[PDB]
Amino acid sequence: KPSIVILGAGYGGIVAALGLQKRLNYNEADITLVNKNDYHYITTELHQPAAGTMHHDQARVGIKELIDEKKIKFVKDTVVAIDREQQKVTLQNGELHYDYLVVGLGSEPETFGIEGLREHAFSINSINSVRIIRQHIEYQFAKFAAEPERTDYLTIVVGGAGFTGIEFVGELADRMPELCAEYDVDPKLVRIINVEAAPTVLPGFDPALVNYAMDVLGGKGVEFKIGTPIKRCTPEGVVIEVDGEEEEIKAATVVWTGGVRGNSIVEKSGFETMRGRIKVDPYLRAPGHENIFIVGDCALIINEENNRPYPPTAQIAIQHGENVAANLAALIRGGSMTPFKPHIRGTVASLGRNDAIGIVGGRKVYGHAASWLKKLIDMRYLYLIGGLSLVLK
């Protein structure tokens, strides 16, 4: 009968819920899952619908289908704030109560306080957002035939050359032949620009793979501006600093992949956070709070070996949920808990539909091999939450 509530049905949230489903026995606890939408979207593949290389429906699944209900109660609503003292959470259309709290609200875009970014730029963070990005670009290409002078319609600027930016421009480059044919556009006129403040694309990554990534993307017509930061964002385009002087790029479409931050709700609810994320204990709990757990991008963990923190990823997020699910079972049964130890296997980044790069098991991988791996790994997630049934669909 205790009331555990999980906030967000993302990688951290949905796995924690499914873990609880398998682990526990009917009526042992009251579990409620809260989500903004009635569907759970595969964030790792969201860059593809934004380009238009994949339908958005292939990147999402209905939550009710995943759960058997009765054990877990699903609430479709929007979280507003956290009342920790009165162990309750407030929604736009109601209020909920928790004995135990699991926080997996994912990330929010990090704008760095840059002017006009929130107003005039797009983010790849949801099914709704990527649909908007996709239709915006196609809309812009449609307008070009009427006004051939306006080449800014055909200019797409992606801010930041992180994994998200690199994956996106790769998909974008692949789409352009089909896109140009649809709207009678000269492929040569199209400009896809990736702008990176850091001196190198994909900073903190193996130079061998990075150069390979740039080489392939450069061949597909992607343009890279490195050591160039975005100072400001305008409706017309963006403003960048080159050689200590401001320069302007006129782009009808600006996508911001500059970084991510923890959900503002967590920080605004009075938690102590760094970059909006919580530095949790070995048991994935929020300091000074024995009944609160943080999962996914909201959680922050530091590798004891080095001084740097683990990056926010789906891979570690899945591991968060499974750990919390097991630990929650122990707490409900009055048992001890197990410290969280993250096993970070290789990471693979796609460079389009048929190409990819990654370091897996210490070994570097490229080409069709890496592409098949990522497709395989992503499919493994489908099996984890939906079984062979989900993989087929």
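Heads up: residue numbers just count along the shown sequence, starting at 1. C-alpha atoms forming the largest set that superposes within 1.5 Å between two forms make up the rigid core.
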Line up the rigid core: which moves more in 4 other deposited structures of this protein, 66 to 74 or 34 to 42, by C-alpha RMS?
-> 66 to 74
Between 261 to 269 and 303 to 311, the one drifting more in C-alpha RMS in 4 other deposited structures of this protein once the core is aligned is 303 to 311
Got a sec? Mean C-alpha B-factor, which is higher, 118 to 126 or 68 to 76?
-> 68 to 76
Looking only at CA atoms, which has the higher mean B factor in the entry: 278 to 286 or 189 to 197?
-> 278 to 286
Which of these, 99, 147, 182, 171, has its C-alpha atom at the highest B-factor, as the entry lists it?
-> 99
Looking only at 257, 303, 107, 140, the Cα with the top B-factor belongs to 303
Of the three thirds of its chain by CA temperature factor, lowest, middle or highest, which one includes residue 335?
-> highest
Could you tell me which third, lowest, middle or highest, the C-alpha B-factor of residue 231 occupies within its chain?
-> middle
Looking at the entry's B-factor column for C-alpha atoms only, identify whether residue 327 ranks in the lowest, middle or highest third of its chain.
-> middle
Would you check the entry's CA temperature factor for residue 250 and let me know if it's in the chain's lowest, middle or highest third?
-> lowest
According to the PDB entry, is the CA B factor of residue 225 in the bottom, middle or top third of its chain, that is, lowest, middle or highest?
-> middle
